[PDB]
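Presented as structure tokens, the chain that follows is alone, the form deposited in one PDB entry.
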């Protein structure tokens, strides 16, 4: 079954689904091997592994190539955190076609104003992309896909930006009506109130995706009770990697020896297995004289 279809089924299923963040081919393979039915191509993680910020410093094609390697290394669908589509509807649909061709299952586009044009840090709510413009962007992507199952998730930034439930609902409905396959409802809060308020008002007009990072103490059954469709574990592999690399690097730096890390890290043979080195060995014996 196509990865696009796999993701689409997840978004539309009656069960709470989960997708795990991965930021490179290696990361993607590990997530797949763990049993996750889906991968979250975190915009934060992809940019951070590259050493750059998540402000579209890396080009959209550079992001796409990272995801191409991720897609090549996984059988489960990857939902790409594509920010706002890297431009207008045209850049978004072009991105969609490229993701589609590389095997990526869907793209998550957010209704934030892009790029940042001013710098005002008052208490005001932050203006977002015009609703009709973003709805038309969603429509353009849906209209441009060649795989009817490719998914477009519309991330509503109303709560994050300082607006309220009414703005969140209006945007969610506009994007869902524009054809979004799911709505990712997000919040900056350390509790699930925004999510709760939205789900109550949403009346299940379509699948809802959430990112519990800040309110991670919330019992997962509470999301099920609310009919949430999918949970995204957004950036934990990247955060775990940094801890390990920082710890491993300092230890070696301090010891000028490998004695205190050798027993704490996977073997090199485990690395070869993750690269599927044996498939190549077999291939070499078959295709080389």
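Just so we're on the same page, rigid core means the largest C-alpha set that superposes within 1.5 Å between forms. Residue numbers count along the first chain shown, from 1.
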remark   = The stretch whose C-alpha atoms carry the larger average B-factor in the entry, 231-239 or 216-224, is 216-224
note = Of 20-28 vs 271-279, the stretch with the larger average CA B-factor in the entry is 271-279
query = From 68, 263, 57, 254, pick the one with the largest CA B-factor in the entry?
reply = 263
note = Per the deposited entry, the peak Cα B-factor within the set 90, 84, 126, 74 goes to 126
task = Taking the chain's C-alpha temperature factors as the reference, tell me which third residue 202 falls into: lowest, middle or highest.
result = highest
ask   = Lowest, middle or highest third: where is residue 131 by Cα B-factor in its chain?
value = highest
query = How does residue 148 rank on Cα B-factor within its chain, lowest, middle or highest third?
reply = middle
inquiry  = Taking only the Cα B-factors deposited for this chain, tell me whether residue 188 sits in the lowest, middle or highest third.
reply    = highest
task = Please place residue 95 in the lowest, middle or highest third of its chain by C-alpha B factor as given in the entry.
result = middle
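If you look for the form deposited in another entry, you will not find it shown, but the lines that follow are about it.
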ask   = For the set 145, 187, 74, 84, which residue undergoes a C-alpha shift of 2 Å or more between this form and the one not shown, given alignment on the rigid core?
value = 84
ask   = Fitting the rigid core first, would the Cα of residue 27 be found 2 Å or more away between this form and the one not shown?
value = no
Per-residue C-alpha change between this form and the one not shown, residue 44, threshold 2 Å, rigid core fit = yes
ask   = Do the C-alpha atoms of residue 243 and residue 43 sit closer or farther apart in that other deposited form than they do here, given a shift of 3 Å or more?
value = closer
ask   = Are residue 44 and residue 186 closer or farther apart at the Cα level in that other deposited form than shown, by 3 Å or more?
value = farther
